[PDB]
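Working notes, beginning with the structure itself.
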Amino acid sequence: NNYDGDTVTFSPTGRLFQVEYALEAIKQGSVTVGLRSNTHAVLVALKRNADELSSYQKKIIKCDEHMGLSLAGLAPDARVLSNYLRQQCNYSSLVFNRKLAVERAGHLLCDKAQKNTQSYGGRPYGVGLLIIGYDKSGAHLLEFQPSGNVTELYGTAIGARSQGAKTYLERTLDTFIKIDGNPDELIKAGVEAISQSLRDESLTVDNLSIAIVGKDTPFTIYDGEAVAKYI
Amino acid sequence: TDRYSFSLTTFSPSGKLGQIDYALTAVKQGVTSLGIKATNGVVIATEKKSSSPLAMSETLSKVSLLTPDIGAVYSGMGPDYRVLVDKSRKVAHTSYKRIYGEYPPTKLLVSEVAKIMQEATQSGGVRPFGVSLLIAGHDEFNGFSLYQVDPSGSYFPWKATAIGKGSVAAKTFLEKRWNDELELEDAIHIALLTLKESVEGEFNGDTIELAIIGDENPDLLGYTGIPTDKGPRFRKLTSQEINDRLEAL
Amino acid sequence: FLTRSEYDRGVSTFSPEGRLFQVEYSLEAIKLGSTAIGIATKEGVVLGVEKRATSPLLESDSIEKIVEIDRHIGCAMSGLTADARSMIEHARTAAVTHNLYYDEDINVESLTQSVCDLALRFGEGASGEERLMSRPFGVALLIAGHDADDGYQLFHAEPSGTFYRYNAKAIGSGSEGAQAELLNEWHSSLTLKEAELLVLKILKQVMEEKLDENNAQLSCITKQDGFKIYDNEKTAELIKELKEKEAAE
Amino acid sequence: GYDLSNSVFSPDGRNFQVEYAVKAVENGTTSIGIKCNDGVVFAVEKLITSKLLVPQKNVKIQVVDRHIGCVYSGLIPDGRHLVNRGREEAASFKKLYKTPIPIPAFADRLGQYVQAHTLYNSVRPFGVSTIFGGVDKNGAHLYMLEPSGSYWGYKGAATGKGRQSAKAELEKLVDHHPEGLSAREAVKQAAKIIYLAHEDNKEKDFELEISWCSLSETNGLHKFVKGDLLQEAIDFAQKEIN
Amino acid sequence: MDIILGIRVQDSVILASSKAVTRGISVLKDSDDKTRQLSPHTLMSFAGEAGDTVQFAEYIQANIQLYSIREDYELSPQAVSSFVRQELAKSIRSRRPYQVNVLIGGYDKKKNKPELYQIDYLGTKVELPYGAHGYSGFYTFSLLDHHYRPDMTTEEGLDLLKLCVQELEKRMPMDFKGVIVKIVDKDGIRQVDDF
Amino acid sequence: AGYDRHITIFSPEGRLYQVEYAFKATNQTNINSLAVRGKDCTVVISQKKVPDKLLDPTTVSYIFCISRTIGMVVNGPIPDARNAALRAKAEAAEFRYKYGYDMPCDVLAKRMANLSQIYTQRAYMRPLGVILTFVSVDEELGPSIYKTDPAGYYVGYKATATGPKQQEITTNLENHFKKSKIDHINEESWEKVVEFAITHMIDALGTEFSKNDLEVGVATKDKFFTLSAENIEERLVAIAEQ
Amino acid sequence: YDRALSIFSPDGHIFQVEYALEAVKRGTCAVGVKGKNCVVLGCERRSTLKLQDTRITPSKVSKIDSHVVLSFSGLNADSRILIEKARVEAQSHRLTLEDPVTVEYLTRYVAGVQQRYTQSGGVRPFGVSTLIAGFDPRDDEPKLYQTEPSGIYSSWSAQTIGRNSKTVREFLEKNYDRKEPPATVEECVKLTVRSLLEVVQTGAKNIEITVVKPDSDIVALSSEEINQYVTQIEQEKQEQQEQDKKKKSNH
Amino acid sequence: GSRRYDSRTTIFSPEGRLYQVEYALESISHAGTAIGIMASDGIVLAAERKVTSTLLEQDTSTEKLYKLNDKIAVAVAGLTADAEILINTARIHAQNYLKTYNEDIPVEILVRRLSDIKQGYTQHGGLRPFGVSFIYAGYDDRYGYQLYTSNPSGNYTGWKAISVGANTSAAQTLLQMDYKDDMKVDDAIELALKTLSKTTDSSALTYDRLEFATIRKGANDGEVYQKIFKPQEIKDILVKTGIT
């Protein structure tokens, strides 16, 4: 509490420090990797057990049958935004007879982050979401920050060891863009992505949780022994 | 967001309310004013002072009309005087002029304005009005009456009293010059003499604002042929009639 | 005492660690709870709690930590029980709401997630909706129950708004010492009565009192017979059949 | 110590909060606005900060109504909120009067809303400079709006990190043409002055985006510059810097 | 409306209420009471509208007893009467109309005199030596005036009231199957099973 | 107590630290004003200075027209100038609505004073940082000046100036009415009072002017107008030929 | 207002809940003891100050219902708010569910009421602890509950709150057996009076006693009766102490 | 913000006590002295004004004595400014009760209603408590004459004889020494006057600085004469007790 205070402070460095702090929420979270092609999106998520009598913590939430989100960070924070994205999608289905597109939903979300930074007694949400979908304009992968920035990427990560996933994806980038209508290949290259983002916790067929979306396939979540064909 | 709903007013640890002490100190930074209650009237007097000498003070007033029997005059903060005079008028009309059709008693009006000062001490988001007001008026049952509402929200009746920075001197003076028989004429020559000890600048009837809650005037009513509607007992005296009283000491 | 921090005038504020500070503080209040051990089998879930007493005057058979939420969902509460009084009431309302709407059982996970939604509501006035708590709760639950579509479940609900499915979980003061042993002794070959006795055996090690039936309490959830709280005499019987097996090692 | 709240005053006339908000905008990226005779040309620098990014699929230039471009720098989410408000305020005008909001009338709505957040302790001041203008029927206009809730007319305006350089090149261009230049011809000059304004900041690599509202080529609606025109403009600037 | 009569005896108020209850065109019940003891020494009987009567009658017992337990002393019948008046008064102005006609009878042990009151549905309090509402009232008001005396013993008040019952039965087209009798006196609030 | 200078509340001394700072934020821009009474007219000039070439000069103003016969000339910052401008326009319209004739100067002065008063008495309220001068020609009171200020106090005048160097201007007006022995300039042409005013402003500030360093407003009866830059230059050509 | 007045403390408490428990400790002492055919609440009447009329000063045991009495210790302002809220419930129960309250439902209500002012902000916690006693309707289980300002209720077979309460609790482990309560009103009363004569002292002045017998029998005992019991306890105690003393001498 | 500037004023200290109540009680001990003495025929409430001058009017002053209702008057000691809201709330409550039950208010009800108002301010809102201490004189059927004093917490206790404001402990001892259980209004007046003569900062106690009112069973069989005395009737009983 000097310049480092609540959501109202500047701060002679143009910052607000509430934003950097909520971005350590993400860092303290488990790793997740997204990657897309022009015909398929794939999210490959690392769940995290608390103990061996505890289960693994769901990391991927279905928003729609062509739209999905997967969180990284604080689970209570995620649940206020996840309810929100599904709510405006069903709203767009009702009113406009239309799927709520991924790019537009990034803009809606953006302003929802902004006003709890605007108002005193607010706080930024300490969750960053990766949001995939397939619409009438094709595949999109958005990376959402506690900042409120929405950005469009071919493949990204957030978590711990997020740097190691992006370096694998910088080499192999032009390979997965020209693989199209073969979802299998994209899934495996993302397994391979999250291999460089292990804390020696292993690749395991109940640690890794997949969800895909196609042109030709709904949103589907693979878990348990639906992941064994890659692993 | 907003949550000022908690008072900026608290009790100091040695007893009292801290802010009303600070506010009384601010009343000794203002102008000087006095009021004398005679047998046959009330006279009120104050000094006209202005920021720049090229300022027009004749188009400006520091004795204001609340109702046609009841006038006020201040010593203390200007901005705070101006707003509280308009509410005095708004509560006198809504709470006795719709409910009984006629202008309030002076005692009833003093309590109406003392609730406004109380609710500026109480409640969050506020501080007291930093003024001492004289509320002089006439009512039909306790005769002529003069009150002083202090920044606290108490009032006290007096027979003559003074306020502002020259208050100690002025009151010592009024202690011998008041009497159980007094004429309104004699009270006018008195009030000028005292307030002359309190003025250190120019001295003229253009600078001394005199109003009397004397006796009715049928000419300031604007109409005739009703004996039932009486004239205002207040009468602000134009500057020329005041310039005469300078010699009539 | 008086921890070195920068916030104690906010409640939804960060934190150079990057985690809510109040939430953090809450999990270090579950260790002032009394020890509740809970073993999940595939044949029932057993919830045992040390009731805790503090005088022998204290009548302790009219106090319990076991609360029936509905016929097929049990809960045992540990931590600060004034907070949990409000939490339990909320779930009971939801459970009945689902049976009104659909004339069907509520999922064990679906209910547990709902009381997590309640716990996220601390705040001065944030987000779109009103905040009707100022401060997060300091109580954690072992919601046992049985649903038709995943069988027997045991969940741990945190005052964080986060939930993990456990197959045995301990909460309270003696939580750490219990759970070490849970990691070691549990297998998926337990039955209803072997699990039952396994609760009183580890509950004896984290017993700071004396193991008897007036300070230890059992409860089961069985599919076709519902949630049934073991009477006190039957709990006495099990304590004795423990002593046969404790002089048989 | 006068940073407690945004309603406080300092004895040097300062209001520490608000001045610190300018530090936030200086970390932006170069953004220009060209007041031409026929209309306006906005351009924004879009950094490619990674090769994993999908180029020309993110906009930082969004229209408000159909004839007011708004291009912002500073805090990108915060500007998306200030742009979002002015679509509500703009549409209210059109309903109530059946005419699209005039550019000087729009200037007032936005200005007033930013000024408001320094009169209450309930909210935080916005840390953006927004640059907006377009063509109305009383002609083309340009405004630069401060995070202080202050604005003035401009014959050219700029913001960013390369703002010393931009504002400077823009004096040269108003000294080439005292009678001003075509918005047709301005497509190629926005390209030029963002490029010299990136020599300070040449650590990174960028994609040029340009937009215009002109009466002469886009019939007063604010459309994007695209196609062959866009890539010729890029080529123009490159030959100039070499 | 049905039977509901008061007579102010020297030392007591004798109230009586109809047994018969007809909602629809079939008598459904015929031993029901229409009276609820407010306080140890004030009884209130009611008739008026169906279903309005049962709810609003429970409402007054609740509130007057709320105040009784606050002050560990009981309100005078004059004071309870005024409360019932107050409420119904607000209710003819208010959105939903109540329509409850009440005889409040009590023995005040502090004025040492039995008190009888008639509160109509409009909201008019009146002290009376005998009273009645509705249909029954039209035949009895004149019948009680005839034979009365200022001071009459308790068992004389019963005999008179049974002349009024007996008369009613002949003349009314409605059937009421006899009354229930209650005495409110200085020695408490009792019933007489003799009809 | 400990806070009396970041919230509005009396000091130990009985003064308001917060409000004083508002009066110490009025000399930032460094605009000066001069206003004089004709016999049938009111004249006010204000400075217009732009620091760089790339501001368009037309939009840079300080003379803002509230009512049809009342002009309002603002000394202090341009964000709080716009909030004050807006507010008065709302009240002025409101007045016309409920009494049936367009708002007197006197009452418009009294109204903005009561709004200033509230901002120095509410905890979470930022005082206005402006002195407003209202110039009018009334039909009942004639040419008048009332000046409002952050305190919430107003005062009338023969003539007044504001700015950092205002003392020099006090001297010129004091001399002017020391010689005449009347309380206003006696001129029948609204133009030469604009001329007299400028002459005293050149004398007083010790500095030469141009059309663009001036900004001139005149209230005659039943209209308020501002002079354009062309019409301003002419007054300086008729000043030399006096 | 809506600002937090309770902020969770990192030592596993809330600061203001612990301050509230202290506000009862500096409060006046109540002793409550349940028999097997009565409940008895004895409460101290502070009468240190002279010239006080006790007839117009209320008692520190207040009957909520006609068969449920409540005594209290702690702050005497705040206590009156909990008691007005609890009388309102007592009637409500009759209105919507009929029958008078059971001891348990009310006890839970007072507990949730003090609980609301922690968890909510802008409302600070109370500092009052109650002994809630009575019999349920048509039963004769004497039920003695205690509520505390943390928002927790406990049943107890005998309980004490207020100043030097711990010293009284020590007495009750040895002089009241759980398995055998006293079996007469008169014995149970002489037991609680003896407890009051130790931490309040100064004759029968300060001693107030409410005795409840099943089925709506609440009576509060006259000064004269109290005067008889107190003087008997002192003489009986003098007679006993002295003969034990003698037997010690020789042995 | 707001959170920043908040002190917290309704919270506890480790004492389990509220500063703003003690601080209020302190400020009543700087004001004028107020005494009530209950006779078997009446109640005398006698109050000393903390200000006086030979230019103070006495003839429109009822700045400590105020009628709440025609059977209930109070003597006021504390912040006079605060008290005025509470007085008019008290008059309105009296009237509410009187409206709905058509019968004169008990003294018990009216003292408790005020105590709860004061209670509301310490309980919540972050407000300061009104700093007033009341002595209520009342007659009601049930208990006859009744005397009650209440303090800023919101707590009341009945009394036989009491003193509040400045010299609380001193005047009280005097009252213990000369109190007869039964008195006449004349014995109550005699005691009351002499105590305030023994506690005043001026060299002699004068009529021009005394407010004095009674409620007298000077009228009989369910009728009471309420009196607010004029200062010239106060002058006259001051020579009877021989002060003057």
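FYI, nothing fancy with the structure tokens labels: chains A, B, ... in order, residues from 1 per chain, ligands from 1 as they appear.
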Write down as a ChimeraX atom specification the residues belonging to region 2-242 of chain H that are assigned alpha helix (DSSP H) by DSSP computed on the backbone. /H:19-28,80-100,107-123,168-178,185-197,231-240
Backbone DSSP call of strand (DSSP E) for region 158-210 of chain H, listed as a PyMOL selection string: chain H and resi 158+161-164+210
Output N, CA and C atoms for every residue in that selection, as a CSV table (one decimal), in the first residue's frame.
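Saved as again_1.csv:
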chain,number,residue,atom,x,y,z
H,158,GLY,N,-34.6,2.7,36.2
H,158,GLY,CA,-35.3,3.5,37.1
H,158,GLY,C,-34.7,3.8,38.4
H,161,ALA,N,-34.0,8.6,43.3
H,161,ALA,CA,-33.6,10.0,43.2
H,161,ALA,C,-32.3,9.8,42.4
H,162,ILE,N,-32.0,10.8,41.5
H,162,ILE,CA,-30.8,10.8,40.6
H,162,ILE,C,-30.2,12.1,40.2
H,163,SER,N,-28.9,12.2,39.7
H,163,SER,CA,-28.4,13.4,39.2
H,163,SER,C,-27.5,13.0,38.0
H,164,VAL,N,-27.5,13.9,36.9
H,164,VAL,CA,-26.8,13.6,35.7
H,164,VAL,C,-26.1,14.9,35.3
H,210,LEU,N,-31.5,29.3,36.8
H,210,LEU,CA,-32.2,28.2,37.2
H,210,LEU,C,-33.3,28.1,36.3
Within 12 Å of chain D: each chain B residue with its shortest pair, only C-alpha atoms, as CSV:
residue,atom,partner,partner_atom,distance
B:1,CA,D:122,CA,3.9
B:2,CA,D:122,CA,5.5
B:3,CA,D:122,CA,8.8
B:4,CA,D:121,CA,10.1
Can you work out which residues from chain D touch chain F at a cut-off of 10 Å (counting only C-alpha atoms) and hand them back as a PyMOL selection string? chain D and resi 1-15+104+108+111-116+118-122+142-143+146+148-157+167-168+170-171+174
Please list as a PyMOL selection string every residue within 10 Å of region 170-173 of chain A, counting only C-alpha atoms and excluding residues in the same chain fewer than 4 positions away. (chain A and resi 35-37+154-156+165-166+177-178+189+193) or (chain D and resi 50-52)
Would you pick out the contacts of residue 29 (chain B) at 8 Å or less, using only C-alpha atoms, so that residues sharing its chain but fewer than 3 positions from it are not included, and give the list as a list in words? residues 25, 26, 76, 164 and 165 of chain B
Output file for the selection above: N, CA, C and O atoms, as a PDB file, in the first residue's frame:
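Written out: selection-v2.pdb:
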ATOM      1  N   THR B  25     -14.070  28.860  15.262  1.00  0.00           N
ATOM      2  CA  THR B  25     -12.836  29.556  15.066  1.00  0.00           C
ATOM      3  C   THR B  25     -12.899  30.270  13.785  1.00  0.00           C
ATOM      4  O   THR B  25     -12.407  31.401  13.650  1.00  0.00           O
ATOM      5  N   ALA B  26     -13.581  29.648  12.726  1.00  0.00           N
ATOM      6  CA  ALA B  26     -13.835  30.128  11.361  1.00  0.00           C
ATOM      7  C   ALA B  26     -14.850  31.329  11.343  1.00  0.00           C
ATOM      8  O   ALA B  26     -14.849  32.175  10.431  1.00  0.00           O
ATOM      9  N   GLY B  76     -19.296  35.088   9.398  1.00  0.00           N
ATOM     10  CA  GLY B  76     -18.737  33.777   9.118  1.00  0.00           C
ATOM     11  C   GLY B  76     -18.602  33.554   7.655  1.00  0.00           C
ATOM     12  O   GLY B  76     -18.343  34.511   6.919  1.00  0.00           O
ATOM     13  N   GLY B 164     -18.585  37.713  15.321  1.00  0.00           N
ATOM     14  CA  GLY B 164     -17.491  38.055  14.449  1.00  0.00           C
ATOM     15  C   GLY B 164     -16.300  38.326  15.260  1.00  0.00           C
ATOM     16  O   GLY B 164     -16.265  38.006  16.407  1.00  0.00           O
ATOM     17  N   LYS B 165     -15.272  38.969  14.602  1.00  0.00           N
ATOM     18  CA  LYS B 165     -13.984  38.950  15.200  1.00  0.00           C
ATOM     19  C   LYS B 165     -13.968  40.055  16.311  1.00  0.00           C
ATOM     20  O   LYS B 165     -13.079  40.080  17.144  1.00  0.00           O
TER      21      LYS B 165
END
What lies within 7 Å of region 139-156 of chain B using only C-alpha atoms, ignoring chain neighbours under 6 positions off, as an NGL selection string? (:B and (20 or 23-24 or 37 or 41-42 or 105-106 or 114 or 117-118 or 128-133)) or (:H and (80-81))
Using only C-alpha atoms, I'd like a table of the residues in chain G that come within 6 Å of chain C; for each, show the closest atom pair and its distance in Å rounded to one decimal, ordered by chain and ascending number, as CSV.
residue,atom,partner,partner_atom,distance
G:3,CA,C:124,CA,5.9
G:4,CA,C:134,CA,5.4
G:10,CA,C:25,CA,4.7
G:12,CA,C:29,CA,4.2
G:119,CA,C:133,CA,5.5
G:120,CA,C:133,CA,4.7
G:121,CA,C:134,CA,5.0
G:151,CA,C:82,CA,5.2
G:152,CA,C:82,CA,5.6
G:155,CA,C:59,CA,5.9
G:156,CA,C:58,CA,4.5
G:157,CA,C:57,CA,5.5
Just the residues within 8 Å of residue 88 (chain H), please, counting only C-alpha atoms, with nothing from its chain fewer than 4 positions along; format it as number ranges by chain. H: 68, 84, 92
Could you list, with a cut-off of 9 Å and counting only C-alpha atoms, the residues of chain H near chain F, each shown with its nearest atom pair and the distance in Å rounded to one decimal, rows sorted by chain and ascending number, as JSON lines?
{"residue": "H:1", "atom": "CA", "partner": "F:124", "partner_atom": "CA", "distance": 8.2}
{"residue": "H:2", "atom": "CA", "partner": "F:124", "partner_atom": "CA", "distance": 8.5}
{"residue": "H:5", "atom": "CA", "partner": "F:3", "partner_atom": "CA", "distance": 8.3}
Skipping near chain neighbours, those fewer than 5 positions away, what residues fall within 8 Å of region 165-177 of chain H using only C-alpha atoms, listed as a PyMOL selection string? (chain G and resi 50-51) or (chain H and resi 28-34+77-78+133+191+195-196+198-199)
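In this structure, the chain H residues at most 10 Å away from chain C are residues 3, 4 and 6 of chain H, with only C-alpha atoms considered.
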